[PDB]
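**Student:** coordinates only, no sequence provided:
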């Protein structure tokens, strides 16, 4: 299922304990793309269907490859969309622990949104996973204003976007195994570290 809108569709009276907001890569389908569904099913295994809400970033985020060249690695409209989802999560479910992730342009989008987010909401993001992080070199493997211990970057050797280039090479498309194992493992561990 490449489209998940659990947060938007979800009943505030029955909020999940964990809300995962994910941004897909450039040109990917639905609002989850290729890696999101794998992370989602593993999160559901750990917390149960009603325990976690999967929300892809859709709406104004068109994941247009051309936008990788913009100052922040994505458009302003896209950042506004993801910021709005974090804000919707915060108001719709005040007590939920948040977790985030992004692939490619979605990773830049995730870093940009997190950097601009109000500190009170940003503190709620227990962990963030970034695959093929387009701003890896520029940001020194960090998300501005967000702790290193809550960040996990998956950058393959030979994935040029991780070393400052905009070229798409084979290793950029080899994150499947990470999304199936270490990425959700990291997210689960970080959520459990704060929620017990």
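**Tutor:** Perfect, I can see it now. Residues are numbered from 1 along each chain as shown.
**Student:** for the nearest residue to residue 156 once chain neighbours are set aside, give me its contacts.
**Tutor:** Using CB to CB, 6 or more residues apart in numbering and skipping the chain neighbours, the partner closest in space to residue 156 is residue 171 (3.9 Å). The way it works is simple: take the backbone N, C-alpha and C, and place the C-beta from them, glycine included. With contact taken as CB atoms under 8 Å, 6 or more residues apart in numbering, residue 171 is in contact with 156-159.
**Student:** which of those sit farthest apart?
**Tutor:** Farthest apart among those by CB to CB are 157 and 159. That separation is 7.4 Å.
**Student:** of these two, who's got more company?
**Tutor:** Per other CB atoms under 10 Å, whichever of residue 157 and residue 159 has more neighbours is residue 159, with 25 against 7.
**Student:** for the more buried one, give me its contacts.
**Tutor:** 132, 169, 171-172, 174.
**Student:** of these, which is the most crowded?
**Tutor:** That'd be residue 132 among those, by other CB under 10 Å, with 29 neighbours.
**Student:** list the contacts for that residue?
**Tutor:** Per CB under 8 Å, 6+ apart, neighbours of residue 132: 25, 103-104, 107, 154-156, 159, 161-162, 172, 175.
**Student:** ranges for the helices of this protein?
**Tutor:** In the chain, the segments counted as helices under DSSP state H are 6-9, 36-47, 76-92, 105-116, 119-122, 176-180, 182-195.
**Student:** most neighbours, which of the contacts of residue 132?
**Tutor:** The most crowded member of the contacts of residue 132, judged by other CB under 10 Å, is residue 103 (33 neighbours).
**Student:** number of residues surrounding the closest residue to residue 81 other than its chain neighbours?
**Tutor:** Nearest non-adjacent residue to residue 81, counting by CB to CB, 6+ apart: residue 60, 4.4 Å away. Look at residue 60: counted by other CB under 10 Å, it has 14 neighbours.
**Student:** tell me which of the contacts of residue 171 is nearest to residue 179?
**Tutor:** Residue 179 lies nearest to residue 156 out of the contacts of residue 171, by CB to CB, at 12.6 Å.
**Student:** contact partners for that closest one?
**Tutor:** 132, 162, 171-172, 174-175.
**Student:** with residue 43 instead?
**Tutor:** 18, 20, 52, 54, 99, 184, 187-188.
**Student:** repeat that for residue 92.
**Tutor:** Neighbouring residues of residue 92 by CB under 8 Å, 6+ apart: 7, 10, 12, 15.
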